[PDB]
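Encoded as structure tokens, the structure appears first; notes follow it.
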Amino acid sequence: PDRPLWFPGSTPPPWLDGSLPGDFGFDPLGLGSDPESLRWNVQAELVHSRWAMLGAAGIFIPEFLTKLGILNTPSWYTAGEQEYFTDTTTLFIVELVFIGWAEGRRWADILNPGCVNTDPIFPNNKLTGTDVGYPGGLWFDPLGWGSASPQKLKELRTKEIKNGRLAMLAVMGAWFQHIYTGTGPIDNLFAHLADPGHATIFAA
Amino acid sequence: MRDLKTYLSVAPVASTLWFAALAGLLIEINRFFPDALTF
Amino acid sequence: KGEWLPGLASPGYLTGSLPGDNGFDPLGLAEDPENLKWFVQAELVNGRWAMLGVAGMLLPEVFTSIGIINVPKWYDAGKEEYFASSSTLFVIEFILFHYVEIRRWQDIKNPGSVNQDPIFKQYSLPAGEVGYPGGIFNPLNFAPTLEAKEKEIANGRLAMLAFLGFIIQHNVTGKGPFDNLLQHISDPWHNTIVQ
Amino acid sequence: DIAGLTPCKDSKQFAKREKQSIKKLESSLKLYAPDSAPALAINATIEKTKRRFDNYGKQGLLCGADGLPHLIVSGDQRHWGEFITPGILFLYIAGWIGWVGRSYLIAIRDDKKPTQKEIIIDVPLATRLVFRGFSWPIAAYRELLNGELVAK
Ligand code: CLA
Ligand SMILES: CC(/C=C/C=C(C)/C=C/[C@@]12O[C@]1(C)C[C@@H](O)CC2(C)C)=C\C=C\C=C(C)\C=C\C=C(C)\C=C\[C@@]12O[C@]1(C)C[C@@H](O)CC2(C)C
Ligand SMILES: CC(/C=C/C=C(C)/C=C/[C@@]12O[C@]1(C)C[C@@H](O)CC2(C)C)=C\C=C\C=C(C)\C=C\C=C(C)\C=C\[C@@]12O[C@]1(C)C[C@@H](O)CC2(C)C
Ligand SMILES: CC1=C[C@H](O)CC(C)(C)[C@H]1/C=C/C(C)=C/C=C/C(C)=C/C=C/C=C(C)/C=C/C=C(C)/C=C/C1=C(C)C[C@H](O)CC1(C)C
Ligand SMILES: CC1=C(/C=C/C(C)=C/C=C/C(C)=C\C=C\C=C(C)\C=C\C=C(C)\C=C\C2=C(C)CCCC2(C)C)C(C)(C)CCC1
């Protein structure tokens, strides 16, 4: 409510208090001005953050070890085009039925916040989350680190969304660098570390 | 934003978006299954 | 009663009264109560024929594969020669169904109006629900309970799906349903919609 | 065959037409280097021409003396793909559009200023009616049977 803003001296939009984690008053196009949309965009930002972080660590760490020798994992940009134990199109069907189910229940939870906290096969199992986007329970917060004081939950979720935002620019950078340069990300960083003033986005 | 969403719903705007989507659909059906005279 | 989609608002005309109510009418086919009444009977009769047919399609193929009988595949049995011409069979099938189905029809239009024998006018079905004639159609006197009706409808919905599978699977693999299953068990990760 | 025609798969003028057509494109093809973008493109047209002619032959289309397919719409069961079948599909879609269209005018007809939802689409309402079209034969038949479809 008196927090640092993405634009010091500017005035934050009325729909952004500071009660949301990662609230820095940035929405110059009013994409979240309607409260119904702002709640949907929070959930969309949360899942974009969590997929980007898994994706970032899934392309930066494995490529970081193959550039050496600890791993031999192929280029992240081409790992999809190679063949596996079954064909790629069977893996995609198994992915949809498995991810669609998990996505379906998350969807139901967004539109009806308490309806899917109970295990449909063994109704003894239950999730523990109170807020949409933080399902809790044993399967997603087995340590109990998700249930804390609202002061710590504000920071912990701000750490969550900040790491997810950075990961989003990073993953999108890894996709763009691989097309403008011609190698992997670990190569780009060393090249820029070999000569910082010249080995950049300029080649001409 | 709600004013903008109202404008985006006005007859001409909703028509181009509807017919654009329609044209794309019919074009791609014709790229995938061209020269269909029967059925 | 049940939810086909946990957390989704059931249509308001699906009130938990019909066996098999799981709130599933997303396209609103049954909002008009008279559609609902007719579709209940239509689901019962399609599900009952699917159960007879799917059993008649799958189970004989299973018992040939075992070797206790040897009968044609279901999509070949029409070719076989029978004591009567197939056009003769069809005419008697038409005449017998025409009588029996108009009678089922009258009871939908006018419940109870056709429960008595028209020839031996001393015999009669007892009063009951449409689509559940009972009496001589229930000679073992099973209680037509809610649970029984719900199992009837679940089995009918599954057989209807299975019949859909037999049809599409045959026009894609040329073989028969128990064949598709045995072939799939062989090495499943390679024969699964690769055709 | 029907109407003195012959199957396009047996028709000499049909085959001549494919041949004259490919020869036309090959006269243009020979202008360009074989790797070039125009060569690939003209070749793409050529293969599509070949796919088309074999496809019409395999679908059972009858041809006239002109070497062109002629459609049989009379009802004959060997030619339902030429009218009955795409026609059922047209009526199904056309009725869907009209039934949805009527659903929207009825939904807004008792509103305060009804012409306001006619020049500014209530898109939320429309997304809720758009799938009423899937069952228009049953819904329209039902409104008929109980006096709801036509006014007196
Ligand atoms: C809800 C839409 C709708 C419906 C159900 C009908 C239905 C009918 N019209 Mg009508 N009509 C419409 C819109 C509609 N019309 C519009 C917009 C115009 C202006 C161009 C006309 C002009 C028109 C003429 C000039 C004639 C008819 C006639 C007829 C009758 C015979 C069928 C016919 O000729 O179609 C003809 C259809 C058209 C000429 C054009 C309409 C097609 C548009 C694209 C459909 C409406 C789209 C609408 C925007 C949907 C928005 C819904 C969304 C918000 C959810 C039938 C009662 C004829 C008749 O009276 O016969 C008895 C006749 O002579 N109509
Ligand atoms: C960054 C992007 C979002 C950027 C959007 C921001 C800027 C929008 C900013 C604004 O809207 C605001 C806020 C307010 C408005 O007023 C103004 C604007 C300016 C409009 C999301 C990317 C989201 C990117 C995420 C979702 C991608 C996850 C990808 C994972 C799954 C990848 C997995 C794999 O990479 C591995 C791990 C290994 C490989 O070998 C194989 C594969 C499969 C490739
Ligand atoms: C009749 C039944 C099949 C009976 C077949 C039997 C007699 C076969 C007999 C024979 O085999 C023998 C024994 C011997 C063989 O030699 C020959 C034949 C002659 C072949 C199939 C019905 C099959 C019935 C089908 C599968 C019905 C599926 C419809 C479902 C999916 C509708 C879903 C939804 O409609 C809801 C409910 C509401 C909406 O809101 C949403 C949507 C999605 C629209
Ligand atoms: C009323 C009466 C009265 C008296 O009193 C008494 C009594 C006698 C008791 C009664 C009678 C009754 C009876 C008749 C019953 C019958 C039933 C059956 C038929 C069922 C089926 C039932 C049916 C069923 C469900 C069906 C199911 C099916 C399945 C899923 C299938 C699967 C399949 C698939 C697809 C394909 C592959 O490849 C193969 C398989 C895997 C194999
Ligand atoms: C078969 C055939 C044929 C013929 C045909 C005929 C001859 C027909 C006729 C027809 C007729 C003679 C008709 C009539 C009709 C009438 C009327 C009376 C109608 C009306 C309608 C309505 C009323 C509608 C409504 C609606 C709907 C339903 C939906 C949409 C919307 C609307 C509203 C429009 C031919 C040879 C071609 C071909 C082959 C096949």
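Quick note on naming: the chains in the structure tokens go A, B, ... in the order shown, residues restart at 1 in each chain, and ligands are numbered from 1 in order of appearance.
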
Considering only C-alpha atoms, return as a PDB file with C-alpha atoms, in the first residue's frame whatever protein or nucleic-acid residues lie within 9 Å of stretch 12-21 of chain B, sequence-local ones (same chain, fewer than 3 positions apart) excluded.
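Output file part-v5.pdb follows:
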ATOM      1  CA  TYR B   7     -16.586  -1.456 -28.794  1.00  0.00           C
ATOM      2  CA  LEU B   8     -14.956  -4.757 -29.794  1.00  0.00           C
ATOM      3  CA  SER B   9     -18.498  -6.203 -29.629  1.00  0.00           C
ATOM      4  CA  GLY B  24      -9.043 -19.022 -41.885  1.00  0.00           C
ATOM      5  CA  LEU B  25     -10.935 -22.186 -41.045  1.00  0.00           C
ATOM      6  CA  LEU B  26     -12.220 -22.658 -44.600  1.00  0.00           C
TER       7      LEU B  26
ATOM      8  CA  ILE D 119     -25.860  -3.419 -32.870  1.00  0.00           C
ATOM      9  CA  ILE D 120     -23.531  -4.329 -29.966  1.00  0.00           C
ATOM     10  CA  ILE D 121     -23.298  -8.085 -29.605  1.00  0.00           C
ATOM     11  CA  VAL D 123     -20.914 -11.853 -26.659  1.00  0.00           C
TER      12      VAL D 123
END

For residue A:117, please output as a PyMOL selection string all residues within 10 Å (counting only C-alpha atoms; exclusion window: fewer than 3 positions along the same chain).
chain A and resi 105-106+109+113-114+120+123+125-130+135-137

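Selected on chain D by distance to chain B: residues 48, 52, 55, 56, 59, 61, 71, 79, 80, 81, 82, 83, 84, 85, 86, 87, 89, 118, 119, 120, 121, 122 and 123 of chain D (within 9 Å, counting only C-alpha atoms).
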
Any chance you could export the current selection's N, CA, C and O atoms as a PDB file, in the first residue's frame?
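Output below, filename out04.pdb:
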ATOM      1  N   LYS D  48      -0.411 -31.631 -57.091  1.00  0.00           N
ATOM      2  CA  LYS D  48      -1.805 -31.420 -56.717  1.00  0.00           C
ATOM      3  C   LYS D  48      -2.747 -31.730 -57.885  1.00  0.00           C
ATOM      4  O   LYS D  48      -3.797 -32.357 -57.700  1.00  0.00           O
ATOM      5  N   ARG D  52      -5.563 -34.605 -57.749  1.00  0.00           N
ATOM      6  CA  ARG D  52      -6.969 -34.303 -58.002  1.00  0.00           C
ATOM      7  C   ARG D  52      -7.575 -35.273 -59.008  1.00  0.00           C
ATOM      8  O   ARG D  52      -8.675 -35.800 -58.794  1.00  0.00           O
ATOM      9  N   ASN D  55      -7.994 -38.694 -57.612  1.00  0.00           N
ATOM     10  CA  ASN D  55      -9.064 -38.671 -56.624  1.00  0.00           C
ATOM     11  C   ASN D  55     -10.447 -38.690 -57.260  1.00  0.00           C
ATOM     12  O   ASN D  55     -11.323 -39.436 -56.801  1.00  0.00           O
ATOM     13  N   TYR D  56     -10.678 -37.898 -58.307  1.00  0.00           N
ATOM     14  CA  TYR D  56     -12.011 -37.911 -58.906  1.00  0.00           C
ATOM     15  C   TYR D  56     -12.311 -39.274 -59.522  1.00  0.00           C
ATOM     16  O   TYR D  56     -13.427 -39.795 -59.370  1.00  0.00           O
ATOM     17  N   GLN D  59     -13.218 -41.736 -56.708  1.00  0.00           N
ATOM     18  CA  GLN D  59     -14.496 -41.507 -56.038  1.00  0.00           C
ATOM     19  C   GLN D  59     -15.714 -41.945 -56.848  1.00  0.00           C
ATOM     20  O   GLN D  59     -16.828 -41.850 -56.338  1.00  0.00           O
ATOM     21  N   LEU D  61     -16.801 -40.718 -59.885  1.00  0.00           N
ATOM     22  CA  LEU D  61     -17.461 -39.658 -60.620  1.00  0.00           C
ATOM     23  C   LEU D  61     -17.623 -40.048 -62.081  1.00  0.00           C
ATOM     24  O   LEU D  61     -16.712 -40.605 -62.699  1.00  0.00           O
ATOM     25  N   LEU D  71     -22.278 -34.275 -62.076  1.00  0.00           N
ATOM     26  CA  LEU D  71     -22.818 -34.772 -60.821  1.00  0.00           C
ATOM     27  C   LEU D  71     -24.202 -35.365 -61.028  1.00  0.00           C
ATOM     28  O   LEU D  71     -25.012 -34.848 -61.808  1.00  0.00           O
ATOM     29  N   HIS D  79     -24.107 -42.040 -55.920  1.00  0.00           N
ATOM     30  CA  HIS D  79     -23.675 -40.651 -56.038  1.00  0.00           C
ATOM     31  C   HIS D  79     -24.127 -39.743 -54.891  1.00  0.00           C
ATOM     32  O   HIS D  79     -24.022 -38.527 -55.021  1.00  0.00           O
ATOM     33  N   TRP D  80     -24.470 -40.293 -53.733  1.00  0.00           N
ATOM     34  CA  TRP D  80     -24.823 -39.467 -52.566  1.00  0.00           C
ATOM     35  C   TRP D  80     -23.739 -38.483 -52.160  1.00  0.00           C
ATOM     36  O   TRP D  80     -24.045 -37.491 -51.479  1.00  0.00           O
ATOM     37  N   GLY D  81     -22.492 -38.726 -52.517  1.00  0.00           N
ATOM     38  CA  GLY D  81     -21.460 -37.749 -52.175  1.00  0.00           C
ATOM     39  C   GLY D  81     -21.521 -36.499 -53.022  1.00  0.00           C
ATOM     40  O   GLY D  81     -20.812 -35.521 -52.741  1.00  0.00           O
ATOM     41  N   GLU D  82     -22.336 -36.517 -54.065  1.00  0.00           N
ATOM     42  CA  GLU D  82     -22.416 -35.396 -54.983  1.00  0.00           C
ATOM     43  C   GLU D  82     -23.576 -34.465 -54.670  1.00  0.00           C
ATOM     44  O   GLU D  82     -23.688 -33.413 -55.303  1.00  0.00           O
ATOM     45  N   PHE D  83     -24.461 -34.837 -53.754  1.00  0.00           N
ATOM     46  CA  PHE D  83     -25.507 -33.899 -53.383  1.00  0.00           C
ATOM     47  C   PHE D  83     -26.127 -34.231 -52.034  1.00  0.00           C
ATOM     48  O   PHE D  83     -26.110 -33.374 -51.144  1.00  0.00           O
ATOM     49  N   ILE D  84     -26.686 -35.450 -51.884  1.00  0.00           N
ATOM     50  CA  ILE D  84     -27.422 -35.812 -50.668  1.00  0.00           C
ATOM     51  C   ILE D  84     -26.547 -35.580 -49.447  1.00  0.00           C
ATOM     52  O   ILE D  84     -26.941 -34.908 -48.492  1.00  0.00           O
ATOM     53  N   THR D  85     -25.328 -36.091 -49.492  1.00  0.00           N
ATOM     54  CA  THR D  85     -24.468 -36.073 -48.311  1.00  0.00           C
ATOM     55  C   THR D  85     -23.942 -34.687 -47.982  1.00  0.00           C
ATOM     56  O   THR D  85     -24.070 -34.269 -46.821  1.00  0.00           O
ATOM     57  N   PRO D  86     -23.309 -33.945 -48.896  1.00  0.00           N
ATOM     58  CA  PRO D  86     -22.926 -32.577 -48.534  1.00  0.00           C
ATOM     59  C   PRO D  86     -24.134 -31.705 -48.267  1.00  0.00           C
ATOM     60  O   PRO D  86     -23.987 -30.663 -47.608  1.00  0.00           O
ATOM     61  N   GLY D  87     -25.320 -32.118 -48.742  1.00  0.00           N
ATOM     62  CA  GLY D  87     -26.522 -31.334 -48.566  1.00  0.00           C
ATOM     63  C   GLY D  87     -27.100 -31.476 -47.166  1.00  0.00           C
ATOM     64  O   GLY D  87     -27.503 -30.495 -46.532  1.00  0.00           O
ATOM     65  N   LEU D  89     -25.228 -32.144 -44.729  1.00  0.00           N
ATOM     66  CA  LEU D  89     -24.305 -31.341 -43.925  1.00  0.00           C
ATOM     67  C   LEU D  89     -24.640 -29.853 -44.015  1.00  0.00           C
ATOM     68  O   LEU D  89     -24.527 -29.130 -43.022  1.00  0.00           O
ATOM     69  N   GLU D 118     -28.570  -5.680 -30.631  1.00  0.00           N
ATOM     70  CA  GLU D 118     -28.529  -6.011 -32.044  1.00  0.00           C
ATOM     71  C   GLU D 118     -27.417  -5.273 -32.773  1.00  0.00           C
ATOM     72  O   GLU D 118     -26.920  -5.769 -33.784  1.00  0.00           O
ATOM     73  N   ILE D 119     -26.988  -4.118 -32.267  1.00  0.00           N
ATOM     74  CA  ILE D 119     -25.860  -3.419 -32.870  1.00  0.00           C
ATOM     75  C   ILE D 119     -24.584  -3.589 -32.058  1.00  0.00           C
ATOM     76  O   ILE D 119     -23.496  -3.253 -32.558  1.00  0.00           O
ATOM     77  N   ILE D 120     -24.683  -4.060 -30.818  1.00  0.00           N
ATOM     78  CA  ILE D 120     -23.531  -4.329 -29.966  1.00  0.00           C
ATOM     79  C   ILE D 120     -23.760  -5.722 -29.424  1.00  0.00           C
ATOM     80  O   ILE D 120     -24.639  -5.921 -28.582  1.00  0.00           O
ATOM     81  N   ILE D 121     -23.025  -6.700 -29.953  1.00  0.00           N
ATOM     82  CA  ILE D 121     -23.298  -8.085 -29.605  1.00  0.00           C
ATOM     83  C   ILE D 121     -23.012  -8.299 -28.130  1.00  0.00           C
ATOM     84  O   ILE D 121     -21.945  -7.935 -27.621  1.00  0.00           O
ATOM     85  N   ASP D 122     -23.977  -8.871 -27.431  1.00  0.00           N
ATOM     86  CA  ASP D 122     -23.755  -9.413 -26.098  1.00  0.00           C
ATOM     87  C   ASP D 122     -23.028 -10.740 -26.280  1.00  0.00           C
ATOM     88  O   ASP D 122     -23.626 -11.821 -26.341  1.00  0.00           O
ATOM     89  N   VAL D 123     -21.701 -10.656 -26.385  1.00  0.00           N
ATOM     90  CA  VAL D 123     -20.914 -11.853 -26.659  1.00  0.00           C
ATOM     91  C   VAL D 123     -21.054 -12.897 -25.562  1.00  0.00           C
ATOM     92  O   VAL D 123     -21.189 -14.086 -25.891  1.00  0.00           O
TER      93      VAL D 123
END

List as a PyMOL selection string the protein and nucleic acid residues lying within 8 Å of ligand 2, with only C-alpha atoms and all ligand atoms counted.
chain A and resi 26-32+47-59+74-80+165+167-172

Surrounding residues of residue A:23 excluding itself and chain neighbours under 6 positions, 10 Å, only C-alpha atoms, as an NGL selection string:
:A and (1 or 3-6 or 12 or 16-17 or 158 or 161)

Find the spatial neighbours of residue C:105, counting only C-alpha atoms, within a cut-off of 12 Å - ignore same-chain residues fewer than 4 positions away - and output them as a ChimeraX atom specification.
/C:38,41-42,45,97-101,109-115,130-131

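Each of D:132, D:152, D:23, D:16 was compared to chain C using only C-alpha atoms, and D:132 turns out to be the nearest.
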
Using only C-alpha atoms and all ligand atoms, which residues of the polymer chains come no farther than 7 Å from ligand 3? I'd like the answer as an NGL selection string.
:C and (24-29 or 46-47 or 49-50 or 52-57 or 73-78 or 160-161 or 163-164)

Quick one: write out the picked residues with C-alpha atoms as a tab-separated table (two decimals), in the first residue's frame?
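Contents of selection_20.tsv, freshly written:
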chain	number	residue	atom	x	y	z
C	24	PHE	CA	-24.48	-34.59	-17.77
C	25	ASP	CA	-26.35	-32.63	-20.41
C	26	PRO	CA	-23.79	-29.95	-21.41
C	27	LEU	CA	-25.45	-29.38	-24.83
C	28	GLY	CA	-28.87	-28.96	-23.18
C	29	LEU	CA	-30.57	-31.65	-25.29
C	46	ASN	CA	-30.35	-48.22	-27.01
C	47	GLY	CA	-28.48	-49.35	-23.90
C	49	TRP	CA	-29.78	-53.42	-27.38
C	50	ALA	CA	-26.09	-52.43	-27.10
C	52	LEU	CA	-27.30	-57.65	-26.10
C	53	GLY	CA	-25.29	-56.86	-29.23
C	54	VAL	CA	-21.95	-56.17	-27.61
C	55	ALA	CA	-22.32	-59.43	-25.71
C	56	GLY	CA	-23.28	-61.12	-28.94
C	57	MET	CA	-20.32	-59.60	-30.79
C	73	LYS	CA	-16.98	-63.18	-36.77
C	74	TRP	CA	-19.81	-60.72	-36.16
C	75	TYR	CA	-19.10	-58.73	-39.31
C	76	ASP	CA	-19.10	-62.00	-41.31
C	77	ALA	CA	-22.18	-63.74	-39.84
C	78	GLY	CA	-24.55	-62.05	-42.30
C	160	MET	CA	-23.01	-48.26	-26.10
C	161	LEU	CA	-19.47	-46.88	-25.91
C	163	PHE	CA	-20.26	-50.89	-29.59
C	164	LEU	CA	-19.02	-47.54	-30.91

Contacts to ligand 1 at 7 Å cut-off (only C-alpha atoms and all ligand atoms) as a ChimeraX atom specification:
/D:97-102,104-105,121,126,129-130

Protein and nucleic acid residues within 6 Å of ligand 5 (only C-alpha atoms and all ligand atoms) as a list in words
residues 73, 74, 75, 95, 98, 99 and 140 of chain D

Only N, CA and C atoms, please: the residues just picked out, written as an mmCIF file, in the first residue's frame.
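As a result, part-v1.cif now contains:
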data_model
loop_
_atom_site.group_PDB
_atom_site.id
_atom_site.type_symbol
_atom_site.label_atom_id
_atom_site.label_comp_id
_atom_site.auth_asym_id
_atom_site.auth_seq_id
_atom_site.Cartn_x
_atom_site.Cartn_y
_atom_site.Cartn_z
ATOM 1 N N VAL D 73 -27.478 -35.996 -59.030
ATOM 2 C CA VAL D 73 -28.149 -35.566 -57.804
ATOM 3 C C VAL D 73 -29.507 -36.214 -57.660
ATOM 4 N N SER D 74 -29.834 -37.195 -58.498
ATOM 5 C CA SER D 74 -31.201 -37.726 -58.538
ATOM 6 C C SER D 74 -31.616 -38.485 -57.284
ATOM 7 N N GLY D 75 -30.678 -38.887 -56.445
ATOM 8 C CA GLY D 75 -30.945 -39.841 -55.392
ATOM 9 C C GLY D 75 -30.199 -41.149 -55.538
ATOM 10 N N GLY D 95 -29.264 -24.772 -40.370
ATOM 11 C CA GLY D 95 -30.246 -24.748 -39.302
ATOM 12 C C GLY D 95 -29.612 -24.362 -37.981
ATOM 13 N N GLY D 98 -29.336 -20.583 -37.978
ATOM 14 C CA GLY D 98 -30.605 -19.895 -37.854
ATOM 15 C C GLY D 98 -31.217 -20.091 -36.486
ATOM 16 N N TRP D 99 -31.135 -21.316 -35.957
ATOM 17 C CA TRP D 99 -31.654 -21.582 -34.623
ATOM 18 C C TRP D 99 -30.896 -20.768 -33.575
ATOM 19 N N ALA D 140 -36.159 -27.513 -32.399
ATOM 20 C CA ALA D 140 -37.180 -26.881 -33.237
ATOM 21 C C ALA D 140 -38.426 -27.752 -33.331
#

Can you pull out every residue with an atom within 6 Å of ligand 4? Use only C-alpha atoms and all ligand atoms and format it as a PyMOL selection string.
chain C and resi 51-52+54-55+137-142+155+158-159+162+165-166+177-178+180-181

Tell me which of C:8, C:120, C:92, C:2 sits closest to chain A, counting only C-alpha atoms.
C:8
